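Report on one structure; see the data block that follows.
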Amino acid sequence: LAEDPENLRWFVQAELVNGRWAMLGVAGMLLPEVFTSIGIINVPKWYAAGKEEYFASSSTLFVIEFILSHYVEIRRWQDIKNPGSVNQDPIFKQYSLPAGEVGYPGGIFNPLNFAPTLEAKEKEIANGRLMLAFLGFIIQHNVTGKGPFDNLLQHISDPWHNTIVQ
Amino acid sequence: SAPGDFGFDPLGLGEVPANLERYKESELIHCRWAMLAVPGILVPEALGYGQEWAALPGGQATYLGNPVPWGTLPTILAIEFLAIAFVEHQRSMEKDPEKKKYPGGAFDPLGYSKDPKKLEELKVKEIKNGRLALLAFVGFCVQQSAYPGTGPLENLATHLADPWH
Amino acid sequence: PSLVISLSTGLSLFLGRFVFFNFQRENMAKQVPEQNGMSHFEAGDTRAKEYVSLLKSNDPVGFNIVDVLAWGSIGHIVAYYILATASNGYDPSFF
Ligand SMILES: CCCCCCCCCCCCO[C@H]1O[C@H](CO)[C@@H](O[C@H]2O[C@H](CO)[C@@H](O)[C@H](O)[C@H]2O)[C@H](O)[C@H]1O
């Protein structure tokens, strides 16, 4: 007998998790542009600490890392079904405990709210999308090239290039 | 994740609430036997000098008459599984509240039957140590359960090694 | 290499757990109950079973193994014989 727009919690979240990890995603780039120098795929190995002991390996620099993340990630699941995270800023966003205009079922279109301080994650909405779709762009044009813009000598007009494989 | 929140009474609770893990108090003390065996290493710089039965050279006392089958293995073995039938025989003749025979009726009023015959009895700390042993026995005990040939000879680098294997 | 008599030792471990009750109470076969002639009727059918009767010699005749299985197996079966050997007898240690 259930009709239309339901979901409640759901993937309103997903967006604000994608964009905030798309924002902090392009923060991966950023660096190699004003003073260009080091970039592309890099296989970075990140930034690297001191010159004492390491040499290419010293074991997996991430698998040991992500066990920690784990039981600090299922904690949003330790949240999304039954709300709980003192700050309370994604599940519905802040302002304390409001947005129950969608927490107890019955959305339909609901835009929402949040931040005792002035406005909202609202013009921190756009900045969510532009970054989720920017990656789109960012890892779209690798497969062919890796640098952005110069001036009017012989770059910003596109001369001759190789196309896709075939 | 087997104790991923589930269980009711006989197969759920009943079998387990202490019982199976109180019989897994054996697991810990058998592991106490196994870690009353292995700690021949544990403390480095020790003074072992040498018996202890190693690598099969002859046996207990050679025996004035050919060894029973052959080896030091079946001599200590074949007995074990009939002499320690002492304990569990007594463990499978129990019951929780009072003991008489198979009398009249004692299913439930208030007081509620009892609790695992030998329940927690409090000390909800043996279990908090029990599962720890189990996790240890099951867990990184495969630090020495995959390719365990060499002993300890640490040379300096870091840790771990992945796969590879 | 093989303990061959490791396990025939082993199997009449258990069927002497057989030598049991031809002896001890009353007759054969807890006397033919039901065998020939044919059960009540019974009928669905039918009985009995009893999770409750795996005792009686669990403890006593769990020795039966070590009988033959000791001194009468790897240790040269009854050396204490003589008792009419001349159409022949012996018998003689293949061991
Ligand atoms: C959530 C459960 C699943 C949904 C599927 C089931 C849908 C429910 C079916 C409706 C049951 C019968 O309802 C029935 O009564 C109406 C009024 O009493 C009648 O309706 C009629 O009478 C009215 C009188 O002014 C007119 O204005 C209406 O236009 C005309 O349709 C119809 O005969 C029918 O609509």
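Protein chains in written order, with the deposited numbering: chain 4, 30 to 195; chain 1, 17 to 66, 72 to 186; chain G, 4 to 98.
Yeah, the Cβ is synthetic: ideal placement off N, Cα and C, and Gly gets one too.
N-terminal and C-terminal residue of the alpha helix (DSSP H) that residue i is part of
i: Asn142 (chain 4); result: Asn142 (chain 4) -> no alpha helix (DSSP H), and no H or E assigned at all.
i: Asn150 (chain 1); result: 147-159
i: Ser98 (chain 4); result: 94-99
i: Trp50 (chain 4); result: 49-55
i: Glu102 (chain 4); result: That residue, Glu102 (chain 4), is in no alpha helix (DSSP H); it is neither H nor E in DSSP.
i: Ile100 (chain 1); result: 94-104
i: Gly132 (chain 4); result: 129-132
i: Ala155 (chain 4); result: 152-158
i: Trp49 (chain 1); result: 40-50
i: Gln165 (chain 1); result: No alpha helix (DSSP H) contains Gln165 (chain 1), which DSSP labels as neither H nor E.
i: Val63 (chain 4); result: From DSSP, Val63 (chain 4) is part of no alpha helix (DSSP H); its letter is neither H nor E.
i: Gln169 (chain 4); result: 163-170
i: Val71 (chain G); result: 69-72
Nonlocal neighbours in the same chain, by C-beta distance under 7 angstroms from residue i, ignoring five residues either side
i: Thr146 (chain 4); result: none
i: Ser96 (chain G); result: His79
i: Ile69 (chain 4); result: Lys175
i: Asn47 (chain 4); result: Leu161
Close Cβ partners of residue i (< 6 angstroms) along its chain, the five nearest in sequence each way excluded
i: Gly54 (chain 4); result: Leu164
i: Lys138 (chain 1); result: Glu115, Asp117
i: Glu153 (chain 4); result: none
i: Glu29 (chain G); result: none
i: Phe98 (chain G); result: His79
i: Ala51 (chain 4); result: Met160, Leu161, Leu164
i: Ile68 (chain G); result: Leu16
Own chain partners of residue i with C-beta closer than 8 angstroms, once the 5 adjacent residues on each side are dropped
i: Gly23 (chain 1); result: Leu29, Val32
i: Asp118 (chain 4); result: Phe143
i: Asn116 (chain 4); result: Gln123
Inside the segment 113-151 of chain 1 only - beta strand (DSSP E) runs reaching at least 3 residues: The DSSP assignment places no complete run of the beta strand (DSSP E) inside the segment 113-151 of chain 1 (cut-off: 3 residues).
Segments assigned alpha helix (DSSP H), at least 4 residues, entirely inside the segment 11-59 of chain G: Counting only unbroken stretches of 4 or more residues, no alpha helix (DSSP H) element lies wholly within the segment 11-59 of chain G.
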